[PDB]
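**Student:** My structure file upload_33.txt, compact mmCIF, C-alpha atoms, is below:
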# COMPACT_ATOMS: atom_id res chain seq x y z
CA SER A 1 92.72 144.76 75.42
CA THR A 2 93.66 142.79 78.54
CA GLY A 3 92.18 141.91 81.90
CA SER A 4 93.67 140.85 85.22
CA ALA A 5 91.72 139.63 88.25
CA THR A 6 92.71 138.12 91.57
CA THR A 7 91.31 134.70 92.43
CA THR A 8 90.95 133.73 96.08
CA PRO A 9 90.51 130.33 97.77
CA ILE A 10 87.05 129.90 99.26
CA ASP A 11 88.35 128.12 102.38
CA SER A 12 91.52 126.97 104.16
CA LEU A 13 91.80 123.84 101.96
CA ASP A 14 91.69 125.57 98.54
CA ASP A 15 88.51 123.62 97.76
CA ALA A 16 87.81 126.14 94.98
CA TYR A 17 88.71 129.68 93.97
CA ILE A 18 86.45 132.68 93.44
CA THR A 19 87.08 135.65 91.15
CA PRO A 20 84.99 138.84 91.20
CA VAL A 21 83.04 139.51 88.01
CA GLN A 22 81.06 142.65 87.15
CA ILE A 23 77.70 141.98 85.47
CA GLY A 24 75.23 144.55 84.20
CA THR A 25 74.77 148.30 84.42
CA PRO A 26 75.28 149.53 87.08
CA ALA A 27 77.73 146.73 87.85
CA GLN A 28 76.59 143.86 90.03
CA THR A 29 79.69 142.12 91.36
CA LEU A 30 79.43 138.35 91.84
CA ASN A 31 82.20 135.98 92.93
CA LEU A 32 82.39 133.24 90.31
CA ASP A 33 84.24 129.94 90.09
CA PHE A 34 86.33 130.13 86.90
CA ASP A 35 86.07 126.64 85.42
CA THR A 36 88.27 125.55 82.51
CA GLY A 37 86.30 122.27 82.53
CA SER A 38 82.93 123.73 81.52
CA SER A 39 81.55 126.34 79.16
CA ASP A 40 78.56 128.03 80.84
CA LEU A 41 78.60 131.36 82.68
CA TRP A 42 75.74 130.91 85.14
CA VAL A 43 74.77 132.84 88.26
CA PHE A 44 72.54 132.75 91.28
CA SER A 45 69.85 135.28 90.50
CA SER A 46 66.59 136.94 91.48
CA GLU A 47 65.00 133.99 89.62
CA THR A 48 66.61 131.26 91.73
CA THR A 49 64.15 129.28 93.87
CA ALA A 50 64.30 131.11 97.18
CA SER A 51 64.79 127.98 99.30
CA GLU A 52 67.90 127.17 97.22
CA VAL A 53 69.65 130.49 97.97
CA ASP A 54 71.61 130.54 101.26
CA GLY A 55 73.97 133.51 101.45
CA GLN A 56 75.00 133.88 97.80
CA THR A 57 75.03 137.23 96.05
CA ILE A 58 72.42 137.23 93.29
CA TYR A 59 72.25 138.86 89.86
CA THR A 60 69.01 140.80 89.36
CA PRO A 61 68.58 141.40 85.61
CA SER A 62 65.66 143.78 86.14
CA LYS A 63 68.10 146.21 87.81
CA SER A 64 70.51 146.16 84.85
CA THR A 65 69.77 148.63 82.06
CA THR A 66 71.87 146.54 79.64
CA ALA A 67 70.24 143.18 80.41
CA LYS A 68 68.09 141.63 77.69
CA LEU A 69 66.19 138.35 77.91
CA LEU A 70 67.51 135.89 75.32
CA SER A 71 64.04 134.88 74.27
CA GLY A 72 63.34 131.16 74.39
CA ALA A 73 66.79 130.16 75.59
CA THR A 74 67.21 127.69 78.45
CA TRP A 75 70.18 125.91 79.94
CA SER A 76 70.78 122.88 82.11
CA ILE A 77 74.09 121.46 83.25
CA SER A 78 75.35 118.52 85.31
CA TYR A 79 78.90 118.41 86.60
CA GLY A 80 81.26 115.53 87.28
CA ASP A 81 80.64 115.80 91.02
CA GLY A 82 76.91 115.17 90.57
CA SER A 83 75.85 118.78 91.08
CA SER A 84 73.59 120.58 88.63
CA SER A 85 71.76 123.80 87.82
CA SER A 86 69.40 125.15 85.18
CA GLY A 87 67.44 128.21 84.14
CA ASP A 88 66.97 130.86 81.47
CA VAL A 89 69.34 133.30 79.78
CA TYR A 90 70.02 137.02 79.52
CA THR A 91 72.64 138.89 77.57
CA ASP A 92 74.45 141.61 79.48
CA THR A 93 77.77 143.38 79.85
CA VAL A 94 80.33 141.33 81.76
CA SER A 95 83.73 142.58 82.91
CA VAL A 96 86.60 140.62 84.45
CA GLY A 97 89.58 142.52 85.80
CA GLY A 98 89.00 145.46 83.48
CA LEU A 99 88.20 143.43 80.34
CA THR A 100 84.65 144.03 79.11
CA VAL A 101 82.44 141.88 76.88
CA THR A 102 79.12 143.24 75.71
CA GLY A 103 76.33 140.83 74.83
CA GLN A 104 77.67 137.99 76.98
CA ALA A 105 75.21 135.18 77.70
CA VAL A 106 74.55 135.27 81.45
CA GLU A 107 72.70 132.10 82.41
CA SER A 108 70.31 132.84 85.26
CA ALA A 109 69.66 129.91 87.58
CA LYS A 110 66.08 129.01 88.37
CA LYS A 111 67.24 125.81 90.13
CA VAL A 112 70.52 124.73 91.69
CA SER A 113 71.42 121.49 93.44
CA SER A 114 72.11 121.22 97.14
CA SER A 115 75.89 121.46 96.91
CA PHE A 116 75.61 124.90 95.30
CA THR A 117 73.07 126.10 97.86
CA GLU A 118 75.31 124.82 100.66
CA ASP A 119 78.33 126.81 99.43
CA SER A 120 77.58 130.43 100.26
CA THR A 121 80.90 131.63 98.82
CA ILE A 122 80.30 130.72 95.15
CA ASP A 123 77.78 132.92 93.32
CA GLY A 124 78.04 130.96 90.05
CA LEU A 125 80.47 129.62 87.49
CA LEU A 126 82.34 131.18 84.57
CA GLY A 127 83.18 128.48 82.06
CA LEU A 128 86.46 128.63 80.14
CA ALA A 129 86.41 125.33 78.24
CA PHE A 130 85.49 125.34 74.54
CA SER A 131 82.13 126.81 73.55
CA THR A 132 81.07 123.51 71.95
CA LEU A 133 80.22 122.36 75.51
CA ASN A 134 77.90 125.28 76.23
CA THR A 135 74.46 123.98 77.23
CA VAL A 136 72.21 126.84 76.08
CA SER A 137 69.37 125.66 73.86
CA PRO A 138 68.24 126.10 71.15
CA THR A 139 71.09 128.51 70.29
CA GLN A 140 74.42 127.57 71.85
CA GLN A 141 76.29 130.51 73.38
CA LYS A 142 79.95 131.48 73.52
CA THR A 143 82.15 131.64 76.60
CA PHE A 144 83.46 134.92 77.97
CA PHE A 145 86.91 134.07 76.57
CA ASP A 146 85.53 133.21 73.14
CA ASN A 147 83.67 136.52 73.01
CA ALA A 148 86.69 138.51 74.22
CA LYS A 149 89.31 136.70 72.14
CA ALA A 150 89.34 138.91 69.04
CA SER A 151 89.78 142.05 71.16
CA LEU A 152 92.61 140.67 73.30
CA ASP A 153 96.21 141.65 72.67
CA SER A 154 96.98 137.92 72.41
CA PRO A 155 94.32 135.15 72.29
CA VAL A 156 95.25 133.63 75.64
CA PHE A 157 94.34 133.50 79.28
CA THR A 158 96.51 132.32 82.16
CA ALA A 159 95.78 130.64 85.48
CA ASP A 160 98.13 131.28 88.40
CA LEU A 161 96.42 129.64 91.36
CA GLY A 162 97.85 130.03 94.83
CA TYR A 163 98.50 127.41 97.50
CA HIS A 164 96.57 128.64 100.54
CA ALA A 165 96.81 132.12 99.03
CA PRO A 166 95.31 134.31 96.31
CA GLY A 167 96.42 134.06 92.70
CA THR A 168 95.59 135.59 89.34
CA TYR A 169 93.65 135.07 86.13
CA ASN A 170 95.01 137.16 83.26
CA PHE A 171 93.37 137.64 79.86
CA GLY A 172 95.21 138.69 76.74
CA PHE A 173 98.82 138.69 77.96
CA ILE A 174 101.46 136.50 79.60
CA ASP A 175 102.99 138.09 82.72
CA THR A 176 106.64 137.13 82.32
CA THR A 177 107.29 138.06 85.98
CA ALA A 178 104.83 135.43 87.26
CA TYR A 179 106.88 132.29 86.57
CA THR A 180 110.43 130.97 86.65
CA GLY A 181 112.34 129.44 83.79
CA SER A 182 110.52 128.94 80.50
CA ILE A 183 106.98 127.95 79.55
CA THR A 184 106.71 124.51 77.94
CA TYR A 185 103.86 124.25 75.47
CA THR A 186 102.06 121.01 74.66
CA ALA A 187 99.38 119.97 72.20
CA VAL A 188 95.66 120.15 72.98
CA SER A 189 92.79 118.11 71.62
CA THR A 190 89.48 119.97 71.57
CA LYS A 191 87.54 116.87 70.45
CA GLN A 192 85.77 116.52 73.83
CA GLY A 193 85.46 120.28 74.37
CA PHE A 194 88.14 120.35 77.08
CA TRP A 195 91.71 121.63 77.39
CA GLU A 196 92.83 118.04 76.89
CA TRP A 197 96.55 117.23 76.72
CA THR A 198 98.96 114.35 77.33
CA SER A 199 101.41 114.40 80.22
CA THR A 200 104.69 112.60 79.57
CA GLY A 201 104.87 110.83 82.94
CA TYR A 202 105.33 111.15 86.65
CA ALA A 203 107.55 110.70 89.68
CA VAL A 204 106.74 110.14 93.35
CA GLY A 205 108.91 112.08 95.78
CA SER A 206 112.59 111.69 94.96
CA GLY A 207 111.86 108.58 92.89
CA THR A 208 112.80 108.06 89.28
CA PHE A 209 110.62 109.54 86.59
CA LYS A 210 108.32 107.06 84.84
CA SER A 211 107.83 107.94 81.17
CA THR A 212 104.23 107.15 80.27
CA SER A 213 101.54 109.07 78.40
CA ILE A 214 98.68 110.30 80.60
CA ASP A 215 95.83 111.96 78.70
CA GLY A 216 93.84 114.37 80.83
CA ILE A 217 92.21 117.77 81.12
CA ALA A 218 93.42 121.00 82.66
CA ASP A 219 90.42 121.78 84.88
CA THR A 220 90.48 124.74 87.27
CA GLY A 221 86.97 123.80 88.42
CA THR A 222 88.05 120.46 89.92
CA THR A 223 89.76 120.55 93.32
CA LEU A 224 91.91 117.43 93.16
CA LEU A 225 94.26 115.55 90.84
CA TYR A 226 92.58 112.46 89.35
CA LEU A 227 94.93 109.98 87.69
CA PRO A 228 94.96 106.29 86.68
CA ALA A 229 94.73 103.81 89.53
CA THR A 230 98.25 102.50 88.85
CA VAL A 231 99.79 105.97 89.29
CA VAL A 232 97.70 106.78 92.36
CA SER A 233 98.56 103.47 94.03
CA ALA A 234 102.27 104.10 93.40
CA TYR A 235 101.95 107.50 95.10
CA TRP A 236 100.05 106.38 98.22
CA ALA A 237 102.25 103.31 98.67
CA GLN A 238 104.95 105.80 99.75
CA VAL A 239 102.81 107.04 102.68
CA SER A 240 102.74 104.77 105.73
CA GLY A 241 99.20 103.87 106.66
CA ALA A 242 97.55 105.29 103.55
CA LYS A 243 94.70 103.28 102.11
CA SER A 244 91.76 103.54 99.75
CA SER A 245 88.54 103.75 101.75
CA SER A 246 85.31 102.85 99.97
CA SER A 247 83.33 104.33 102.86
CA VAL A 248 85.09 107.70 102.63
CA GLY A 249 85.32 107.67 98.84
CA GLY A 250 89.04 107.62 98.12
CA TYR A 251 92.52 107.47 99.53
CA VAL A 252 92.97 108.61 103.11
CA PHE A 253 96.17 108.82 105.10
CA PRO A 254 97.24 109.44 108.70
CA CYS A 255 97.12 113.15 109.41
CA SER A 256 100.48 112.71 111.17
CA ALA A 257 102.17 111.87 107.83
CA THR A 258 104.57 114.01 105.85
CA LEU A 259 103.50 113.60 102.23
CA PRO A 260 105.96 113.16 99.35
CA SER A 261 105.85 115.46 96.36
CA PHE A 262 104.39 114.38 93.02
CA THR A 263 105.97 115.36 89.71
CA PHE A 264 104.19 115.38 86.36
CA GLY A 265 105.76 115.74 82.92
CA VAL A 266 104.99 118.42 80.35
CA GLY A 267 107.03 117.42 77.34
CA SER A 268 110.61 117.27 78.59
CA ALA A 269 109.77 119.66 81.46
CA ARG A 270 108.65 118.73 84.97
CA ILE A 271 106.16 120.33 87.36
CA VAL A 272 106.62 119.46 91.03
CA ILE A 273 103.59 119.42 93.34
CA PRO A 274 104.88 119.75 96.93
CA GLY A 275 103.58 117.16 99.34
CA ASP A 276 101.70 119.73 101.41
CA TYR A 277 99.50 120.54 98.39
CA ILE A 278 98.20 116.94 98.54
CA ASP A 279 96.83 117.25 102.11
CA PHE A 280 93.08 117.97 102.22
CA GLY A 281 92.78 117.65 105.97
CA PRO A 282 90.64 115.58 108.30
CA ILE A 283 87.86 113.58 106.66
CA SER A 284 85.53 114.92 109.38
CA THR A 285 86.16 117.49 112.07
CA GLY A 286 88.63 116.17 114.63
CA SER A 287 89.50 112.98 112.76
CA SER A 288 93.10 111.83 112.50
CA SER A 289 92.35 110.39 109.05
CA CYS A 290 93.10 112.92 106.33
CA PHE A 291 91.84 113.05 102.76
CA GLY A 292 94.30 112.76 99.90
CA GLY A 293 94.63 115.26 97.09
CA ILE A 294 95.57 112.65 94.47
CA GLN A 295 92.74 110.24 93.72
CA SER A 296 91.92 107.60 91.15
CA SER A 297 90.16 108.60 87.94
CA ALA A 298 89.03 105.02 87.37
CA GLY A 299 85.37 105.88 87.97
CA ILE A 300 85.39 109.13 85.98
CA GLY A 301 86.34 108.14 82.44
CA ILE A 302 88.95 110.90 82.16
CA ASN A 303 92.07 111.99 84.01
CA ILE A 304 91.74 115.45 85.56
CA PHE A 305 94.60 117.86 86.27
CA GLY A 306 92.62 119.85 88.81
CA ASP A 307 93.69 122.59 91.18
CA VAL A 308 96.15 120.38 93.11
CA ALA A 309 98.22 120.10 89.92
CA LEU A 310 97.51 123.47 88.33
CA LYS A 311 98.36 125.51 91.44
CA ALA A 312 101.93 124.18 91.23
CA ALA A 313 102.34 125.90 87.84
CA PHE A 314 101.77 129.01 85.81
CA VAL A 315 99.39 127.74 83.14
CA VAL A 316 98.78 129.28 79.70
CA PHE A 317 95.50 128.50 77.96
CA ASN A 318 96.44 129.43 74.38
CA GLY A 319 93.32 129.97 72.28
CA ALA A 320 95.13 130.50 69.00
CA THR A 321 93.62 128.89 65.90
CA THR A 322 95.31 125.67 67.01
CA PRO A 323 94.99 125.81 70.81
CA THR A 324 97.85 124.68 73.04
CA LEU A 325 98.61 124.61 76.77
CA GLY A 326 101.72 126.00 78.43
CA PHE A 327 103.15 125.13 81.84
CA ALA A 328 105.92 126.86 83.77
CA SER A 329 107.24 126.42 87.28
CA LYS A 330 106.82 129.41 89.59
Could you render the structure from this file as structure tokens?

**Tutor:**
Amino acid sequence: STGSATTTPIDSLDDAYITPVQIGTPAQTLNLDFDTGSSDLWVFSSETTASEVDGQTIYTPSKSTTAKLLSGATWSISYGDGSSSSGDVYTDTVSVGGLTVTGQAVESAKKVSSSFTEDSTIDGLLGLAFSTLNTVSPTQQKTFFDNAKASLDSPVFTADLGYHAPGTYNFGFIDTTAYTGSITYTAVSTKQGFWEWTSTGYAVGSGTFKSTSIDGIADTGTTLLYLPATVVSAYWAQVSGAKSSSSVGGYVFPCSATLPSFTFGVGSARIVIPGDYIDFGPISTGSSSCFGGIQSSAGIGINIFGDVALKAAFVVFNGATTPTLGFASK
């Protein structure tokens, strides 16, 4: 089998991407944030505290003839941005772009933190990291990809995120029309549960490529590119007036600037992020200070190849017995 679904930016900045997902019988369609940095499929629901729902579409398990309470199971998750959610668990039929999994754990939120409530466009998350990170207790549950894998034509999914435009998540096949050149594959460590890999270096604008190993995670659920402070300083030093602002929480730059590109290495191959992809707009409405799309990872504990990086590439998440990642230009 295969599946293919369009993913759409939630706003004019590409702060996140939503993909429609069918849950239950009859189908209830929710727009989920596909997150290769986490491993829970959780949704706003008829069980979510009413004051914490503000415009989201909810899953109502009592209206699904295929929903079954997973007795005794609870979940609770906290994300790198400080947000969180928790609740109980159902199993139900879940379909993405024509690919159907029966018995998928659908984690129903009883509580969500303010940032989720405040984002009316995201009805939940669909985790695509390794199932060892799944938070369901006392019986850990598998991701949608893990459950689908054996049925897929090939044990892979691909992320083709758009810049200020829709893109595609494919399951079970590699669309050879969706990228240019060849796909360069690179090793993955699953030891932390992430799609963790090592970039071979970077360049700023037309500058020379610096060969240096940068371990990080391919994370569709993170907006920006988080890299070591040395790399990030080298980038922003090429932008007149750019500075790190403790009050804003990262590098800002004059909105009048033209940003240089940023290149990252995948083996001997190179992925170029155009400068425009690094502009996240005014820090507050009407400000002439703009927020940068490349930020330091120094306070995180891990480097994160988020959407800013991934949207410059066609990315293969290869879930073969030894997983690997593939990157192609497009």

**Student:** For CA of residue 123 (chain A) and CA of residue 166 (chain A), quote the distance in Å rounded to one decimal.

**Tutor:**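 These two atoms are separated by 17.8 Å.
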
**Student:** Contacts of region 41-53 of chain A at 7 Å or less, counting only C-alpha atoms, minus same-chain residues fewer than 5 places along, as a list in words?

**Tutor:**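 Close residues of region 41-53 of chain A: residues 58, 59, 60, 106, 107, 108, 109, 110, 111, 112, 117, 123, 124, 125, 126 and 127 of chain A.
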
**Student:** Write out as an MDAnalysis selection string the residues lying within 12 Å of residue 144 (chain A), counting all atoms listed in the file and excluding same-chain residues fewer than 6 positions away.

**Tutor:** chainID A and resid 3 21 23 34:36 38:42 91:96 99:107 125:131 134 150:152 157 171

**Student:** Suppose you want the space between CA of residue 97 (chain A) and CA of residue 17 (chain A); what is it in Å?

**Tutor:**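 Between CA of residue 97 (chain A) and CA of residue 17 (chain A) the gap is 15.2 Å.
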
**Student:** Quick one: residues within 9 Å of region 175-186 of chain A, only C-alpha atoms counted, chain neighbours fewer than 5 positions away excluded, as a PyMOL selection string?

**Tutor:** chain A and resi 158+160+170+197-199+266-269+313-316+324-330

**Student:** Find the spatial neighbours of residue 241 (chain A), counting all atoms listed in the file, within a cut-off of 9 Å - ignore same-chain residues fewer than 3 positions away - and output them as a list in words.

**Tutor:**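 Listed by chain and then number, they are residues 236, 237, 252, 253, 254 and 257 of chain A.
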
**Student:** What's the separation between CA of residue 159 (chain A) and CA of residue 223 (chain A), in Å to one decimal place?

**Tutor:**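 So the two atoms, CA of residue 159 (chain A) and CA of residue 223 (chain A), lie 14.1 Å apart.
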
**Student:** Within 9 Å of region 277-287 of chain A, counting only C-alpha atoms, which residues qualify if same-chain residues fewer than 2 places away don't, as a ChimeraX atom specification?

**Tutor:** /A:13-15,163-164,224-225,248,252-253,255,259-262,273-275,289-294,308-309,311-312

**Student:** Box time for region 278-282 of chain A: axis-aligned, enclosing all its listed atoms, 3 Å extra on each side; report centre and edge lengths in Å to one decimal, as lines of an AutoDock Vina configuration file.

**Tutor:**
center_x = 94.4
center_y = 116.8
center_z = 103.4
size_x = 13.6
size_y = 8.4
size_z = 15.8

**Student:** Taking only C-alpha atoms into account, which of A:1, A:222, A:132, A:318 comes nearest residue 306 (chain A)?

**Tutor:**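 Among A:1, A:222, A:132, A:318, it is A:222 that comes nearest to residue 306 (chain A).
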
**Student:** I'd like to know which of A:295, A:168, A:245, A:263 is closest to residue 202 (chain A), using all atoms listed in the file.

**Tutor:**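 Closest to residue 202 (chain A) of all the choices is A:263.
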